[PDB]
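Here is how names work: the chains are called A, B, and so on, in the same order as the sequence lines, proteins then strands, and each is numbered from 1. The analysis underlying the following values was restricted to heavy atoms, covering all of them including side chains, and did not include hydrogens, waters or symmetry mates.
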Amino acid sequence: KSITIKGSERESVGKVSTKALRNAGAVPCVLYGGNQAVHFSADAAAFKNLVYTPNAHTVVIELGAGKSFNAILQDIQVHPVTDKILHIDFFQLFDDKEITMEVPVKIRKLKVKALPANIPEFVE
Amino acid sequence: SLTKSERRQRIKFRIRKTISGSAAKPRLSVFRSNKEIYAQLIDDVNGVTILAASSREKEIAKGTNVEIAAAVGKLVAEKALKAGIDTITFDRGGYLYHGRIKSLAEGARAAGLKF
Amino acid sequence: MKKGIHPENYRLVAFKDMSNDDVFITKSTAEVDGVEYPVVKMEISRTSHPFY
Amino acid sequence: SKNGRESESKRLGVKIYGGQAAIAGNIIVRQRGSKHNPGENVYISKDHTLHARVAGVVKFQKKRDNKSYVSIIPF
Amino acid sequence: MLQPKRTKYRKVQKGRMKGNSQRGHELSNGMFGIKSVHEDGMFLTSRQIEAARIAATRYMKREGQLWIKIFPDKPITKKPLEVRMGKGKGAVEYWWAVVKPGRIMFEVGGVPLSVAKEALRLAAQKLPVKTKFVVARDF
Amino acid sequence: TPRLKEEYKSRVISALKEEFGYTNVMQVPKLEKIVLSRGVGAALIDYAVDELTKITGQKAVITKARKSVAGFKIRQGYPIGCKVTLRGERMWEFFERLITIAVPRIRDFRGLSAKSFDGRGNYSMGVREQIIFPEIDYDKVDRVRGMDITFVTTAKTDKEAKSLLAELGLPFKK
RNA sequence: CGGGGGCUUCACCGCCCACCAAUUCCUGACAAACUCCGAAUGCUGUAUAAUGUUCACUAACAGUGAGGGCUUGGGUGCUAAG
RNA sequence: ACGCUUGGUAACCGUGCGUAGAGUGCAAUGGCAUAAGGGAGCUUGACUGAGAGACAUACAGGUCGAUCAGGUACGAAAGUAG
RNA sequence: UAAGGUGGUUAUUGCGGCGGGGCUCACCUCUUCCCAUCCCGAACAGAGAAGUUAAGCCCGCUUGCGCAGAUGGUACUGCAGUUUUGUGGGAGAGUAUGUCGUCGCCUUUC
């Protein structure tokens, strides 16, 4: 399966920017793997269908002015006392990298390495 | 360090820990080997090597290695006493001061090059 | 070697066997002269018994 | 109790730093063991104290597997 | 009771716990757990730990395990009564563990949600911390 | 001058050149040393030194201990060792006489242990010191204990090893 | 890997079975007297920019040497105490 | 770790792996393998007259220390040794 | 171009594996002499050049073990008020990733 995520490229990076971003229900995320790491922001609503689901998805990052990024969820940071998402880190996929992922077994999760288009949804 | 080269590198290290040389009074390194022993005058404070002698030239007569080393020492002494170098600090390069090394040192001491 | 520590009785001696009359001249530290050197008369040499 | 004893401090630490001037006999570092090794124009004493040899500017320049080599640039 | 078999030193100073534990706030090997949502650090003692463990184990008789992601590693002393202030530290009274806001203490893997909520609710009534019931994201 | 050195350099070089897929002459294994040692469980019993400097024609050493394990009351620094080393034509003569006489004189001598190799190419064999060696007279001896002879060679594998030995007088129980 | 325990028997002999269980690998995580790492601040030196004896030295004369509250970092005490 | 009579993987020996887990008389800390740890040869500088300059500093005290002169020990020599 | 000697550079420079080479380097043969083994020409020292790239050594490849390592976020923290916070500094760990070195001086060579 695959999900889509419309983000907004961050124009300022720092502490004041992150504070003003989290004071509006947004989540700063980073995406790396290609030419340079791109920092964007999600509305904290594109998730809850990618993070809290017990399945393996692939995100299609669309910054509007940019293009499809075809990322995979790699890193998540949560708050200790509130369980709120603080930061997400995505890994790009273009055509072939023998990417490594975690796939849930079907009758916890096994690590697999496969081409971007040859990843299984569940192993048996 | 027991491969006949690491053993010599250790000696060279604990000799160079105290032996060095400036433009005046440079260092005299020796290299033995199975044949054709070599010697060289190095300036460790600034890089460039001053001179170098070896038993490969039209000046050495064939014979025993001790006599060859004495001749090489005389040659390097006569070559170094041209520009004005009068003092040297003779190191060993990881070789015991006995035999060809001592012969080279005595051949250099019979000539000038106060050391 | 180092002269003055090792035994100087390390000479050439014969090991003439008794069964097959085989004489082997070796160097060891060991009786009397057999032909031209001391001799050690024994029972079983390298070629005396099976498994050899 | 049985824990009421201690000894006076030896006032160790780092004397003249790596940007200041010293003279022919200025103590540079007081140590317990050669953790700051001597470099150029700097020697070590019996008590592993670093002394200057000539007047100049101190320079630490940690190197060679994280080992301080205090030296003096003459001036 | 849970306590180290031996240790280097007998008496330990009573430090200062600054909250928001940045390590140990995620579920692993279990899908349900209880986490501290207090405002300051606390000392969980071995008696409380054993009481909560046995209370959670009497429920769900033989189904699933009970992972305890904590250990009472530090000794807390107490001088006897009717003694004036100061003749040295007192004898070690008990052993406790530092719990900072966000730390997860108990976990259950086997039982379903309907039983794992009741068991953890029954166990949380023996701890001196405000606890919330957390479930894993991959569930 | 010895027999086995000439025999080696005359036949065994060419023997090991074939049947093993070797190309260079400096690739065939050779015997480096025959160092033989003997332990002493007496923590003035150093007659083993004089015993060992009779069958080799070469002086031995003492090799004071290093570990101070109080189980045996060793008190590290004791004469418990002999450790006489032979790595020359002395070793060639000793190995010659050993393999030709007093090795085939053990009570029910069925050869040697074919699996006594340590995997690196060396061969450690222990003998029980009978009257086998024709250097002692069995008259003024205290029934000295055996030895732990060790042939160190140049061979790299155990398969390549044991061939230089089977090409010599040592029987490997087969 | 091996030791303790049940049956089979001349043979703690050749076996069959369940627990405490060396070494190795994977995870979760503690320490003032642990550190492969490691800040902010503070300290030192040079120059500059603001303020001008506030600095330093000599002589003479003193008093003080029972302190306390509040904020912060700690030890002890029961994360008690004006 | 692998081999070998006593000898037992904890005595000695042989071959590999082993940056330091050993040792440094005696507590702890710091340091040390290009050794401050171990061995062999020769020796007594564990000398005389002394202290450029610093670190601690109520005082009394304390610590490190470079050149020079007179004669020595080792070393082929540099050089080291108060 | 290639090799040998000798230095600077905190392993991105090391360890291992796979192939190639020998005017110089190295094994290699001997112990009368100089020299040495708490036993051994094993090591050191000397006398030689029958053989050899087998090894040491040098080249080319290898992300394998090591070593280095971001951007972003977080912890922590100086100053000001306070339940909140605002201004600056900003880790450690982890991820992507990089690395099979580089810079001089002499002698023989092309």
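- A Watson-Crick or G-U wobble pair does not link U6(H) to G53(H) when both relevant atom distances must lie under 3.5 Å.
- Using a 5.5 Å limit on the distance between ring centres and a 30° limit on the angle between planes, the aromatic ring of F13(B) counts as stacked on the six-membered base ring of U34(H).
- Residue side chain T85(F) does not reach the base of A42(I) through any donor-acceptor N/O pair under 3.5 Å, judged by distance alone.
- The aromatic ring of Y32(A) does not sit over the base of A96(I), since the test of centres under 5.5 Å and planes under 30° is not met.
- The closest donor-acceptor contact from the side chain of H6(C) to the backbone of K59(F) lies under 3.5 Å.
- Pairing partner, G73(I): none, since no Watson-Crick or wobble contact has both distances short of 3.5 Å.
- Taken together, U80(H) and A73(H) meet the test for a Watson-Crick or G-U wobble pair: both N-N or N-O distances fall under 3.5 Å.
- A salt bridge (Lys or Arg N to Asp or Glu O under 4.0 Å) check over residues 146-155 of chain F, counting only residues at least two apart or in different chains, returns nothing.
- Looking at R16(B) and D44(B), a side-chain N of the basic residue comes within less than 4.0 Å of a carboxylate O on the acidic one, giving a salt bridge.
- When the side chain to side chain donor-acceptor pair (under 3.5 Å) test is applied to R14(B), no partner is found at least two apart in sequence or on another chain.
- In the interface, the side chain of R109(B) is paired with the base of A76(H) through a donor and an acceptor atom under 3.5 Å apart.
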*With pairs defined as Watson-Crick or G-U wobble and both distances under 3.5 angstrom, please note down RNA chain G as a dot-bracket string, | for pairing with another strand.*
..((((.........)).))..............................................................
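- Contact annotation: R8(B) reaches the phosphate of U6(I) (side-chain N/O to OP1 or OP2, under 4.0 Å).
- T3(B) and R7(B) form no side-chain donor-acceptor contact under 3.5 Å, judged by distance and modelled atom types alone.
- Here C79(I) is matched with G86(I) as a Watson-Crick or G-U wobble partner, both contacts being under 3.5 Å.
- Applying the 3.5 Å distance criterion, the base of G89(I) shares a donor-acceptor pair with the side chain of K15(A).
- The nearest heavy atom of RNA chain H to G126(F) and to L36(F) marks one nucleotide each, and the one closer to the 5' end goes with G126(F).
- The CD atom of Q9(B) sits 12 Å away from the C1' atom of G7(I) (whole-angstrom rounding).
- A cation-pi arrangement is present between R109(B) and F115(B), with the terminal nitrogen or guanidinium carbon under 6.0 Å from the aromatic centre and inside a 45° cone about the axis.
- Applying the side chain to side chain donor-acceptor pair (under 3.5 Å) rule to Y95(B) yields the partners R8(B); only residues at least two apart in sequence or on another chain are considered.
- Base-pair annotation: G66(I) with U99(I) meets the Watson-Crick or G-U wobble criterion (two N/O distances, each under 3.5 Å).
- For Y94(E) and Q3(E), the side-chain atoms include no donor-acceptor pair closer than 3.5 Å.
- Judged by Watson-Crick and G-U wobble geometry, where both atom pairs must sit under 3.5 Å apart, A80(I) and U85(I) count as a base pair.
- Taken together, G23(H) and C32(H) constitute a Watson-Crick or G-U wobble pair, since both relevant N/O distances lie under 3.5 Å.
- Between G14(I) and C65(I) there is a base pair of the Watson-Crick or G-U wobble kind, both donor-acceptor distances falling below 3.5 Å.
- No hydrogens or angles were tested; on distance alone, a donor-acceptor pair under 3.5 Å links the side chain of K14(E) to the base of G77(G).
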*asked:* One pair to check against side chain to side chain contact (heavy atoms under 4.5 Å, CB included): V84(F) and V35(F). What are the steps and the verdict?
replied: CA-CA 6 Å; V84(F) 59; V35(F) 63; over 6 Å; no
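- Applying the 3.5 Å distance criterion, the base of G14(H) shares a donor-acceptor pair with the side chain of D118(F).
- Residues passing the side chain to side chain donor-acceptor pair (under 3.5 Å) test with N34(B): none are found, sequence neighbours excluded.
- South is the pucker assigned to the sugar of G7(H), its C1'-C2'-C3'-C4' torsion being negative.
- Toward the 5' end of RNA chain H, the nearer of the two residues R10(B) and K15(D), judged by each one's closest nucleotide, is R10(B).
- Between the side chain of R11(D) and the base of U63(H), no donor-acceptor pair of N or O atoms lies under 3.5 Å.
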Taking only nitrogen or oxygen atoms into account, show me every contact under 3.5 Å that the protein makes with nucleotides 19-28 of chain I, one pair per line with its distance.
{"from": "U24(I)", "atom 1": "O4'", "to": "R56(B)", "atom 2": "NH1", "distance (Å)": "3.1"}
{"from": "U24(I)", "atom 1": "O3'", "to": "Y38(B)", "atom 2": "OH", "distance (Å)": "3.0"}
{"from": "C25(I)", "atom 1": "OP1", "to": "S33(B)", "atom 2": "OG", "distance (Å)": "3.3"}
{"from": "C25(I)", "atom 1": "OP1", "to": "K35(B)", "atom 2": "O", "distance (Å)": "3.4"}
{"from": "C25(I)", "atom 1": "OP1", "to": "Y38(B)", "atom 2": "OH", "distance (Å)": "2.6"}
{"from": "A26(I)", "atom 1": "OP2", "to": "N34(B)", "atom 2": "N", "distance (Å)": "3.0"}
{"from": "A26(I)", "atom 1": "OP2", "to": "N34(B)", "atom 2": "ND2", "distance (Å)": "3.2"}

